[PDB]
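Residue numbers (the deposited numbering), protein chains in the order written: chain C, 819 to 1210; chain A, 18 to 57, 83 to 146, 155 to 213, 223 to 289; chain E, 95 to 138, 145 to 171, 179 to 184, 190 to 232; chain D, 2 to 30, 45 to 70, 88 to 146, 153 to 166.
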Amino acid sequence: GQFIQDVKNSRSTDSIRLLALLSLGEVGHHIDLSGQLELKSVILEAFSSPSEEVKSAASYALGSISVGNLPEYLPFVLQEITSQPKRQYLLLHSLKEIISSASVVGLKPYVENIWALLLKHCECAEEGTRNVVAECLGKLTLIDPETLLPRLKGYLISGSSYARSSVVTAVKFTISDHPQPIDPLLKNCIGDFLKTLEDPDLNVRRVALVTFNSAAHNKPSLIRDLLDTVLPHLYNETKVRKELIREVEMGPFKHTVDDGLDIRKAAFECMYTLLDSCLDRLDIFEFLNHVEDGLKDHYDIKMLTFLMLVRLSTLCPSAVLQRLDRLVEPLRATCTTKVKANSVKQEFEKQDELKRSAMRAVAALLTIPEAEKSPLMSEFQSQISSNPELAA
Amino acid sequence: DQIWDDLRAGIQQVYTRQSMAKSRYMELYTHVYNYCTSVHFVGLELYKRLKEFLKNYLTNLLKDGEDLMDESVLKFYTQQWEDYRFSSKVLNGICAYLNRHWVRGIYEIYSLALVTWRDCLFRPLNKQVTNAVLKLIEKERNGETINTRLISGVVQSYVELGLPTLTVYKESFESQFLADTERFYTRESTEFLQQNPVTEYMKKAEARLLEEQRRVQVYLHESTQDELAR
Amino acid sequence: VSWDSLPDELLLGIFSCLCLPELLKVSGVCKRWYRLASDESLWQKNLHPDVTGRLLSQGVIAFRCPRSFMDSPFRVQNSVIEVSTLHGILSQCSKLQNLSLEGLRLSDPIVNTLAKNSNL
Amino acid sequence: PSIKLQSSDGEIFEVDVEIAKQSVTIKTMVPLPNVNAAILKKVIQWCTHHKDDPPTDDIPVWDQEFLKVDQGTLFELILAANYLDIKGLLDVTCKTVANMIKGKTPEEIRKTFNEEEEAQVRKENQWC
C-alpha cells in the first residue's frame, strides 16, 4: 500500500510521498524486503523530482533496506554508481548511509569492493562528488583500521594532488570528541599527515590546514606534542605572497583577486583555535608579532585579529603590555583611514563597522590595570569622538 | 538604432570579467553623452533596453545553476555576486552623464542591477542557499570546520538588497536562524542536563556563548549582536 | 545652420538664473520656447485675473502676495474678491503649502478643497 | 604625468594632471568630438586660474574678453562645460549668455538668433 501511494503520481502531494519514503526506509532497516518487487524502480524514479526534500528522502531510503539484506542490494547500488553518471551523487550518499548504518561484520566482505570503487572515483571533475567520496573513505576508515590505515599511509609517497587532498580530507572525519579505539593509531600516524605534507602545493596546504584546525578543535591531545615542529610552518603560511594576486582593471576601476586569502584565513583560524587549549606551551611573542602582521591583512582577517586582540587582553596581560606600542599603530590607522569618493553607498558603511570594531578592541585593550601609557590617545575631534559612546 | 551595435558588445565585454583599457571606456561614455545631447526628457528610453538586457542575461545565467544542491550553489552564488556587483558599478560609471538626467524597480543603474538581482532572489533557489547556510552553521555547531567566506558573501548580499535597510535580511535569514538557534540550544541543554552534572554544563554554556560571540562578530551583522546574546 | 541643437537641460539651468520678468517677456518666440517655459522650473507685482490665469498654466508650489491688491490641471496649489475667481477656478486641490487669505467668506469650493487638503 | 587630450581634427595636446585635477570628472577618473581645441584649452586656463572651483550680474570682467569674438565660442564652451561636469564655468557662461539676451525685446532676440502668438503673449501679462 505504501508502494502504491508512493508510485501514484496523481492526487499525491510532496508531503505524502516524503512520509511514505521515510516510512519505507525505516521499515526496511530491520526486516527484509528482498522478496518484494517494484522497490528499486520507484525509488530510482523518485530521484527525478522537482523538490529537494523528496530527492533527499529517496536517497536516504534507497540504502535503508540494504542494511537488512546487504548481499542483494549493495552490489546493485555499487554497479548503478558506475553505470549511471547522472544520479551517482545520490547513490554515493546512499552508500555512505549504508556504511554508517550497516553492521561491520556484515560489511567486512564488501570492504575491498567499496574501497576500490572509492579509489577509482577519487579523481572526478565535480567537487561535490570528490567531497562525498572522501567522506565515504573517512567513514570506511573507522572499521578494521589496522588493515587499511597502512594503505592510506602509503599513498602519500607518490599520490597525485587530488589523491593527496582526498587522503588528507578523509582522515579529518576520523577524529571525534569522545574517545575512540582508533585514538592511539591516529596519534602515532598523524605526524606525516601534518608535518611531511605541510607544503607540497596550494590546495594540499589548504586541506592540511583544515585537517589541523579540525584536530585542534576536536582532540588537541593528538597535536599536543607536535606543536614545536608544526608552528613554524603555520607562521610561514601566515605571510602574504606577491605571486598569487591577479589584478583586473577596467577603466578607472580596479578589482583585486587573491588566491591565497583562503590559506591565510585557515592559518589564522588555526591560530585562534590554539588559544582554547594549546596556549600554555608556545612562545607568546612569536604569536604576537604575527598578530601584528595580520592586523594589516585583508578586511576579513581584520575582524579575526581584533577578536584575537580582545581575547589576549584578558589572557596574559603582561605580554600585551610589552607590545602595547606596536599593537595600536595599525589600530590607529584603522580608525583614521578614509575611502576614495564616488564609491557605492555600501562601501561607505563597510568601514563603519570596522572602525567600531577597532574602537571596541582598543577599549578592551585599555582595560589592562597598568596600561597608563597614552600613545597620543587624547585626539578626539568631532567625528572620532562619536565612536566611544556607540561602542560603550 | 543609430548607435546601439556599439554600446552592446562593450557592455557585453564588461560583464565577462576581461580587462578593458581607458580607451574603450570613454568611447562608450561619449556614446551616452552624444545620444542624450540629441535635440529635444530625452534619453529615458534606453532604460527599457538596458533593463531587458539585464533581465535576459540573468535569465540565461540562471539555467546552469538551477540543479545545484547545498554546498555547491553557495560557491556559484558567491562567485557570481562579486562579478555582477563590479560590472554594475562599471556600468553605473559608464552612465554617469545619464545619472542626473531624470526627475520623474529603483530608478538608478546600480539600483536597477540590484533590483534585478533581487528579482533573481525571489526564486526557490535562494531558499536552498539559506538552508545550506543553516546546514553549514549546524556543521559549525557539530565541530566540523567550514569555509566562512561562503556565508559572509551571501549575508552581505542580503544586507545590500532591499534598498542601512535590513528588511530582506530580517525577513529571510535572521528569524529562521534565530529559531533554529533556539531549538538547537534547547535540545542541547535538555540532552546535556540529563547525564552530565551542572558543573560541566556551566563550562559548556560559557564555551557556547563565546563561540556564538565569535560567530556573530566574524560572519554575522552587528544588528544581531544585541538580540542573539539576549 | 541651426544654433538650437542642445538639450533643454542647459535651458533649465539658465532658467534657474535668468530673470523671471525677462523669461515671461521672451516667452512666445516659437511653439517650443513657450511649451518649455511652462514647466516646473522657477514658478515654484500687480495681481490680475489674466495674471492669475497665466499663473495657473504653470506649476505653483508657493504663493506670493504680500500686500498687492487683486481685482484647470491639478498643478497649482488685503484682497477681497468674489468666490468664483478665487476658489471656483480650483474645484479640488490637495497639494497646498502656503496661504494668506484674509477678508473672505467660507463657501462650497473652499470647504471642499480644504476637506481634501492633506499636505501641511 | 599628463592626462590625454585628443580631438577629432588631428589636434592632440597634453595637459598636466595636477593643474587639471580640480574638475569633477577627471578627479573621479580624452575623446571630445564635440569640443574644439581652443575651448578645451581655455578650460585648462580657467581651471588653473581658479584653483578654488566649486564642486553685470556679478561676473568677473577679465573672464569675458578672451572668449568674446562671436556667438559660437561660448556655445561650444558651455557644451564642453556640460561634458566635463564643471559647475562654475557653466554657471558663468549661462549667466553671460542670459545677460546678452537681457536688454532688448524678444523680436531682437528672434532676429539675432534666427506675429499672432506674440500678440497673445504681449496682451496676456500685466507685470511684464
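We put the CB at the ideal spot given by N, CA and C, even for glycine.
Interface residues of chain D facing residue i [CB-CB closer than 9 Å]
i, result
"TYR89 (chain A)", "Correct list: empty, because the minimum Cβ distance to chain D is about 21 Å."
"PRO166 (chain E)", "Here the premise fails: no neighbours, minimum Cβ distance about 14 Å."
"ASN146 (chain E)", "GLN164 and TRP165"
"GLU134 (chain E)", "Within chain D, no residue comes near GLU134 (chain E); the closest Cβ sits about 19 Å away, beyond 9 Å."
CB contact flag (residue i, residue j, <8 Å)
i, j, result
"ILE1186 (chain C)", "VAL1146 (chain C)", "no"
"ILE110 (chain D)", "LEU122 (chain D)", "yes"
"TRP97 (chain E)", "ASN146 (chain D)", "yes"
"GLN209 (chain E)", "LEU232 (chain E)", "yes"
"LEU1122 (chain C)", "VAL205 (chain A)", "no"
"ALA1026 (chain C)", "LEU1052 (chain C)", "no"
"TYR891 (chain C)", "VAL950 (chain C)", "no"
"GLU1067 (chain C)", "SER129 (chain A)", "no"
"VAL1048 (chain C)", "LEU1012 (chain C)", "yes"
"residue 77 (chain A)", "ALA163 (chain A)", "Residue numbering in chain A jumps from 57 to 83; residue 77 (chain A), which lies between, is not modelled."
"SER919 (chain C)", "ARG948 (chain C)", "no"
"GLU871 (chain C)", "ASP832 (chain C)", "yes"
"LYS957 (chain C)", "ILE993 (chain C)", "no"
"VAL18 (chain D)", "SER3 (chain D)", "yes"
"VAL922 (chain C)", "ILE961 (chain C)", "yes"
"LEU116 (chain D)", "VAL58 (chain D)", "yes"
"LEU1149 (chain C)", "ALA1181 (chain C)", "no"
Contact list for residue i against chain D, beta-carbon separation under 8 Å
i, result
"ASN141 (chain A)", "Within chain D, no residue comes near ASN141 (chain A); the closest Cβ sits about 10 Å away, beyond 8 Å."
"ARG154 (chain E)", "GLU162 and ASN163"
Counted within 10 angstroms of its Cβ, other Cβ atoms place residue i as buried (16 or more) or exposed
i, result
"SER901 (chain C)", "exposed"
"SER219 (chain E)", "exposed"
"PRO138 (chain D)", "buried"
"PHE181 (chain E)", "exposed"
"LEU913 (chain C)", "buried"
"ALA227 (chain E)", "exposed"
"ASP1043 (chain C)", "exposed"
"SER24 (chain D)", "buried"
"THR101 (chain A)", "exposed"
"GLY122 (chain E)", "buried"
"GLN184 (chain E)", "buried"
"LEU114 (chain E)", "exposed"
"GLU94 (chain A)", "exposed"
"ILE917 (chain C)", "buried"
"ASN827 (chain C)", "exposed"
"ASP1115 (chain C)", "buried"
Residues that residue i contacts on chain C, provided the C-beta gap is smaller than 8 Å
i, result
"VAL277 (chain A)", "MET1121, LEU1122 and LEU1125"
Chain E residues whose Cβ lies nearer than 9 Å to that of residue i
i, result
"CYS137 (chain A)", "The contacting residues do not exist; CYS137 (chain A) stays about 15 Å from chain E at best."
"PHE107 (chain D)", "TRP97 and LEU100"
"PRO70 (chain D)", "Under the 9 Å cutoff, chain E gives no residues; its nearest Cβ is about 16 Å from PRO70 (chain D)."
Contact set for residue i: own chain, Cβ-Cβ below 7 Å, skip 5 residues either direction
i, result
"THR125 (chain D)", "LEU106, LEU109, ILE110 and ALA113"
"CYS940 (chain C)", "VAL951, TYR980, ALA981 and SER984"
"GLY846 (chain C)", "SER882, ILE883 and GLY886"
"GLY1112 (chain C)", "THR1056, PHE1086, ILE1119 and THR1123"
Cβ neighbours of residue i in the same chain (closer than 6 Å, five flanking residues each side left out)
i, result
"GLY155 (chain A)", "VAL165"
"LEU1183 (chain C)", "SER1131"
"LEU936 (chain C)", "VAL951, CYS954 and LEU955"
"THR987 (chain C)", "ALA952 and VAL1025"
"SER207 (chain A)", "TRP123"
"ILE187 (chain A)", "none"
"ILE222 (chain E)", "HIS199"
"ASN51 (chain D)", "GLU108"
Per-residue contacts from residue i into chain E (C-beta, under 7 Å)
i, result
"residue 41 (chain D)", "Note on chain D: consecutive modelled numbers read 30 then 45, so residue 41 (chain D) has no coordinates in the structure shown."
"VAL56 (chain A)", "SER99"
"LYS127 (chain D)", "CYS111"
Contacts around residue i, its chain only, beta-carbon distance under 8 Å, and the 5 residues preceding and following it disregarded
i, result
"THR180 (chain A)", "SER231, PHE232 and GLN235"
"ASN1054 (chain C)", "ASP1017"
"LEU1133 (chain C)", "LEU1093 and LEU1097"
Residue-chain proximity (residue i, chain F), Cβ-Cβ < 8 Å
i, result
"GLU103 (chain E)", "The structure shown contains no chain F; its protein chains are C, A, E and D."
Within chain A, the residues that residue i reaches when beta carbons sit closer than 9 Å
i, result
"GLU1171 (chain C)", "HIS280 and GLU281"
"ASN49 (chain D)", "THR47, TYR50, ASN51 and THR54"
> Got a sec: which bits of the stretch 42-54 of chain A sit with their beta carbon under 9 Å from any beta carbon on chain E, in order along the chain?
Replying inline: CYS53 and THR54
>> To be precise: take each residue of the stretch 1040-1071 of chain C, compare its Cβ to all Cβ atoms of chain A, and keep it if any distance is under 8 Å. Which residues remain?
In response: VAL1066, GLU1067, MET1068, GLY1069, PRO1070 and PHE1071
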